[PDB]
Structures are given as C-alpha cells and as structure tokens.
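Take a look at this single chain, the form deposited in one PDB entry, given in structure tokens.
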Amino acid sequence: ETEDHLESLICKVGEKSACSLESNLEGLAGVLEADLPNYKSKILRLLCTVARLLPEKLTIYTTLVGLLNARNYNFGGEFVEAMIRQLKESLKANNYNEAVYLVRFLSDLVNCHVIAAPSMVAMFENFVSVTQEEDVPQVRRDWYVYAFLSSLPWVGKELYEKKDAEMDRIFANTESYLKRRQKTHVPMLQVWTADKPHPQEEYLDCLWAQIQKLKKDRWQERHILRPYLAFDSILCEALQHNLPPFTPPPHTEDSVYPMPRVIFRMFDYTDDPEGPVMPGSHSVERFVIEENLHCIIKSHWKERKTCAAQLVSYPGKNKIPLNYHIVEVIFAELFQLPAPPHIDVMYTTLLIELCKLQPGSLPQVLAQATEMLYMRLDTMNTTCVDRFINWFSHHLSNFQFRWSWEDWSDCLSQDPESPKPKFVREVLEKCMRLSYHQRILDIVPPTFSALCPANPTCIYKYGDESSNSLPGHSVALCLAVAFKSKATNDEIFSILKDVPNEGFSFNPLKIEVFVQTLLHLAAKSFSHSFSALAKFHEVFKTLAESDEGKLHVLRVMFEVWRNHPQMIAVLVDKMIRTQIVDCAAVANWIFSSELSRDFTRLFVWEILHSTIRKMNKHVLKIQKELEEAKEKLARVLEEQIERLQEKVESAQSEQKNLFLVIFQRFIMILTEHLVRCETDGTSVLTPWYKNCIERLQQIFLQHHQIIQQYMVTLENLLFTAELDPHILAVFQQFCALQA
C-alpha cells in the first residue's frame, strides 16, 4: 500500500514535526518525484484533493507543487490543467465555497513560480468584469469580487509588482461596484444592531477595508507562512505555466450563489492585554486567521478531539492570541445567520474538548466571552439569543451548574421583559429541563429565586379543591373511574353522551372533560401520556374532527400543562404526528389570546418551528414516493402516480397555507402595534416588538428555501407596498439573500 502511504505522507507534511517544514517539504518532494514514473496519476488526484479540502494548509501544498514543478515541468503543467478543470466543474455544480479555495491555490502558485503573473491578472480581469454583466443577481457579482479580493493576501504583492497598471484598473472597477451595492440584507444578518463596541460589518465592506490597509502597507502582512521563500534558488530556475483564458460560466436560472454574510466581532487587543497583540478588525491577518480556523472546523467537525487539537496547534508566522481567536470563531459559527455551518450541539462539545486541552488558559477566555455576550444582550438578535441560551445552559450542565450568578445582579432591578433577565429566566428553565426543579433553586442565590422556573406540575380542573358545581364535574369523575379500570373507546364515548352544551359536530365541554382527565391520569411521564393518546386515539379523532375542536384540544391541553412547557411541546408533537391536530391548528393556537402572555417565551417558538419542520418533512416524503414510482414507469402503476400527484399537490398546499397563516397573523399583530404607537405617540421599539419582529425575521431565515417558492404570492397578496415599512423591510431583507 504505497498508494495509502502516499496519501498519508502528503497529509502529514505541515503537521507538528521534529524537523523543519522546509526539510520535510524538500524530503517529500524527492520521494514523490521518485514515484512519478508509476504514481503520477495518484499524486495529481491527491494534490487536487488537498487544494480543495485543506485550504487551511494552502501554502504548504503550493510550495510542494512548486518544488515538483522545478524537478518536472510537465507534471506542473498537468496539475495546472487539472485545477482549471476542477474549478470550472465546481462552478458548474454551484460549489462556490470550494471554488474560492481553488482560486486561492492558483493565486499562491504564482508566488511558487508555477503560474505566470500575467495569467492570474487576466483571470481576475474576467472575474471583476462579472460586475458589468446586466440583469444578474448581486450575489453572483459579489462572489466573483470576493474570490478576487480574498486571494490578495497571498498573491497581491506579486501581481501589483508585475502588472501595477492593470491591477489599478481592476481595483477601480471593484471599488465602483462596491460603492453601488445594495446593503438591504445587513440588519437581517447582524448578531448585534448596536455599532459599539464593535460594528458587525458587511463581509465585502470589511474585506475591502482589509485589502486597502494591506495595499497601504506595500502588500506586507505578518501572518501567512510562506515556505516557498526558503527555496528561492530552486523555484526561480523553474519554468512557469500559463492559464487558459477564463470565461465565467454564465448566469442561468439553475445558478445558486452564496448568501451574503456579516462578520462576527466581539474581541479586540484590549480584551487580552498580557498576551500577544491581537490583529485588528481591518487587518488581513484577522481575516486569514479566522478563515483558516473556520476551515479547520470544516475539515474535522465529526472528530471533536481531533478538531480541538488542530485548532490549538494552528501555526502562524508570528505569535497571536490563539485562544481568543478560537473562541471568537466558534461563536461566529454558532451565531451565524441564517444558520451555523454545522449542527449547533457540536459547538458546545468542541468548547468542552478545548477546555480539556488548554485547562490553564481557555476556560478563563470562555468565561470572559460569556460575560461579554451577556453584557451586550440588549441588541442581540433573538435567533442568536436562543442559541446563546441553549449553549450556556447545556455547558453549565457539563460543569455542575457552577456559575457566579451575582455578577449578573444588574438584571434584577430591570424590567422582567428586558433581554438580560429574560435571558436568565430562559437559561434557568433550560437548566431545569436537564436537571430538576429543586437543583436549580439550590444553585442560584436567593435574590435570583424570582427568575427560577416554576415547579412543572399538572393542573387538574376537576380535582379535590375544585367545587362539584363545575359543568360536567360528575362526568369527569366517571371518566376517572373508567380510565383507572382499563376502559375501552366505546365505554368512554358512552360516558361522554351525558354532557350538556357536518350539521353540527363540535362540543367544547366534551373535549374539556375528556382531555383534562386523560392527561391528569397519564401525568406520571411522557411515555404514559403518549400511551394514553395512543389508546384513546379514536376518541380524540372524533372529538377533534372539527377545526375548532383541534384548537380546543390545544386550549385545554395548555390549561393543564402551562407550568411544564416541555410537556406541551412533546404533546403537540405527538398530536401532530398522530393527526389529533394539524399544523394549521397549532399556528392559530400560537397566535391565540390564551398564549398572549407567554408569546415572547422560547417554548412557543420551539413548538412553531418544530411544527413547521414536521410539515416540510411530510412534503419531502410524499415527493420522494412520487419520484420513485415515476422511475419505475420509466424502466395499474400509472393509476398510482395520479393518486400520488394528488397527494403532493394537497401536501404542498397544506405547507403553503401554513406559511401564509403564520405571515397573516404576524402582519396583523405587528400592524396593530404600529397603529397604536402612531396614535399614542409612544415608542415603537418595546421589548415585545423586538421579539415579535425578530421572530418573523426568523421564519424567513430558518425556512428561506421553502419560502422562495411562494415569492409571487407573497409580493402580490401579503407583503405589498400598502404595508407599514417596518414590516415590509423584513420581507425586503429576505429577498436580498438571493437577489
């Protein structure tokens, strides 16, 4: 297995070693030249792969290719050909994020005397000329500019020496493009609206400023490792290659571009005065550090111990406060809008594994960050706060819920609906769900017991202390007796006949005594409650066939379990899956007046989004049954495709009506608020409004791909010019994500 040996050698160069990086590269270059006779095929494929999947070690592998080009010109040429095939093929397949790494690899190959500087400037002329294409999306133009600008920390000096006139032109066109760019998306993607202590900048504005500072410093930067500089002798005698002319694959309607981004920023050098000086926001050093650290996480996300190791052992030309960069990059990913690159839970565990490797330094940085996140809560986007709450609570559960709560005493004098006390309330609630009510009461100071969650107990309407003058009290007691004694569906129905009040089918008291009682007797656990819903499923489906029946099941179920939101969430989930209720019912229930007082609480939105997700998966499932049965025809069954096509259309329709309902109810209550505020002259921006407008924002962020299907209907019928610009802004922001 020389094939496997070669992969392992190529991967292992650049990692921690007793010898120098230069020595290892020279050595490996020798070993690979020797194997070119009968492993050229393999070595090309491997180096093309590491160009695409290991951008974090870019300059190690460009140097390697440069040394191989010196010893064998023809090998260099085939590699450069393969890279261009790979680049064109990546763009064709909408892998724009892989394509950047390929563009940077080619760029830095100029510094290795493998590619002629003229070729690279010609390619970048064609990239920036995409800014003059007419009737194409901003996000297309953006990407070609970003691929250019983000390559310059590596190759910017060499190009601006060899062709300074041609680069000033490119820069001119780039600058005038950036000046006329629409920034509508920015408030939807910022983690904080406040521009102090750090503004959350738009990604291209920031990169531009970084490249401007780099240029002002004669293209000199203090971070990128450049192994090729120590092979100046060998690389200068090597002959260069020319890239073909590049024609960007033209914009089709099947083209899909990266969403714009906003750069996360919480630290500067003042947050670590003892340690090495942190590169500033507007330095390319900061860009390159964070880009590599993000890329390391991308490479090793599945292996939490490996990932932590690779981050801690990140090399640079100069000393940097690495623990701060690692923590900042992690929260940048976790709080990214619309969504993180990886599953949220991974970040919790990655930070644990980092604390394990760096127990003397990292935990203090993490606690310092946690302090700063809390103090900046007043303008944090709600979507990000939910994540902050879920991380912090889960983190605390892995370290004995130890936290200096009195540091956050400033929340106690504030309005309970303000971000800080709300944050603390929600965290403690989340802690309780991982622990138990008493444990959480114990781990906080007595000043904080006003913010603890209440005891998660059942509320039975027809219990001991309740008077027997309530409607259907005598029927409830009969149901209690029947349920305890293994009664059947018919016997329950029979008992429910003795209850007061198509042609007329919905009785609110039948539902009320049935639900109150059944939930009470299965209140022992989730498994018991689920078993009860299964056993008396036929009674549920008859009582709640009506749409007002479904809504009333949820109304009663809430009145029972309002102290135990976790229970509500799992019951609503089971009721949707067993079809007691439907998505539409849950949507209306959430915006109902009975939930009015709990509307700004996490659990409401956990339920909504969970409900939406079930709907989306339902449609996907039915869409795959259609696709599968069609491929069977392509190779009786034609009468089964017509039934599935009917099911897809009605499923897709249920999905669409779900979103339409949610948007209508949002538009209604937002308008109600805005009209009331223009009448009274009071502040629009209350805590309730902050939550409500940002929860609407979240529907778009979390489900942009599905909602893109409904653009024509939403422009024409819901989000029209008639709407208050406060509400319409959100929809315009949503449109900017792929405009």
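Definition used throughout: the rigid core is the maximal C-alpha set that superposes within 1.5 Å between two forms. Note that residue numbering begins at 1 and tracks the sequence as displayed.
The next section is about a form of this same protein that is not shown, the form deposited in another entry.
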query: Rigid core superposition between this form and the one not shown: residue from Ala584, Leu644, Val139, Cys355 with Cα shift of 2 Å or more; finding: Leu644
query: Post core alignment: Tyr710 C-alpha displaced by 2 Å or more between this form and the one not shown; finding: no
query: Post core alignment: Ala729 C-alpha displaced by 2 Å or more between this form and the one not shown; finding: no
query: Yes/no, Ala629 Cα shift of 2 Å or more between this form and the one not shown with rigid core fixed; finding: yes
